[PDB]
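Let's start with one chain on its own, the form deposited without the named molecule, as structure tokens.
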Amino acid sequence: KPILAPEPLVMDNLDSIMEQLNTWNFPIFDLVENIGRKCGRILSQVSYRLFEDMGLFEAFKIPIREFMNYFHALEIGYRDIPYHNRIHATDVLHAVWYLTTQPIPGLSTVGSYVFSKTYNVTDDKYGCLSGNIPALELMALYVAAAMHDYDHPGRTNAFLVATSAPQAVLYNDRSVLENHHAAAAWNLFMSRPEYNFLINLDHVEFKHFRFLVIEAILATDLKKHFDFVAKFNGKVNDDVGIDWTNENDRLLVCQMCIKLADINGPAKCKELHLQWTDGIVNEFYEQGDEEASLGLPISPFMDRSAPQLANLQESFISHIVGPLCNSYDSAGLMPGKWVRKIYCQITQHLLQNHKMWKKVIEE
């Protein structure tokens, strides 16, 4: 009855690709091909490596069997849809891990904290978020990333609301998908003792952990995007700036992190970004087909007979991703390298991809 983790828990044939997790442009589609498309193991295998990298299994005395059981059940419940699938979830988890573990130039760091085995810079002039965000909160962020699109139907909130879908009625039209992802992932977790990887958290810790997970998942609703960005910019630019000893400031940083991780695509290398773009529109077209079937007008960018890739991505960058990156970068939280100047791979890719789409539009 329970979905259990397969075979030997850890797949041994993935070592050369898994070693490359510590790069921003992780070749996730190579990992997909290496594991097999619809093998249904990518999320659990990556989650294991990242938790091991951070020493989170030891930190919270996490039983590995139950961890693998849960993450396998979770990944199986991501649908076989073109974008909001277990590969995207894995991508978002990798991105939050990267953003929280990799060197950030000029960040001061503060036991209750974990650090990546990949963290090699001995220079005072770098820090990382995992030096400032307690391990319990970091683990909540990582678990949130893994569960944040669970059981996505391949339709937007707007479609669910407009069609009075049962889920939209159930959630009173408020963050319909994001509520469902959190609630269905938590229901799954609670359903079986074979999934209880959090058994060694005390009651207070567990309740706090759950709260943090929910807050992070719910922050992925883009209806709230401008409010988060405005609030963060406010905190950065007030009298003291970000206060790492303040739990509310730390939550806001975690929310900005999962937000950036969710929409990381246009800040990846061209090859990755173009592959993800294909997934996004292919999912949209299935929605467009259903809209037509229901006699509704086809939503912008969702008409397979009239594709608008460049307009979609150019406007997504200009309106959503660009301002979020600028805000996060202004706070001094982007990974980068001293060269002193700073070289920031992430913002460089975003600029390059924005230029690319603009040029497509021009032609």
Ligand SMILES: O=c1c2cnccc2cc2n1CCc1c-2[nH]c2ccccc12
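Start at 1 and count along the sequence shown; that's the residue number.
There is also a form deposited with the named molecule bound; it is not shown, and the following applies to it.
In the deposited complex, the named molecule sits beyond 4.5 Å of every heavy atom of residue 228. In the deposited complex, no heavy atom of residue 98 sits within 4.5 Å of the named molecule. Although the partner is absent here, residue 288 sits far enough away that none of its heavy atoms falls within 4.5 Å of the named molecule in the deposited complex. Contact between residue 175 and the named molecule in the deposited complex is not found at the 4.5 Å heavy atom cutoff.
Proximity to the named molecule in the deposited complex holds for none of 18, 23 and 142, with the criterion being a heavy atom within 4.5 Å. Picking from 57-65, 328-336, 308-316, 28-36 the stretch near the named molecule in the deposited complex, with a 4.5 Å limit on heavy atoms, gives 308-316. Of the candidates 209, 126, 195, 276, 276 is the one whose heavy atoms come within 4.5 Å of the named molecule in the deposited complex; the others do not. This chain appears without its partner; in the deposited complex, the one residue of 179, 116, 156, 167 with a heavy atom within 4.5 Å of the named molecule is 156. Interface residues of 213-242, taken as those with a heavy atom within 4.5 Å of the named molecule in the deposited complex (partner not displayed), are limited to 222.
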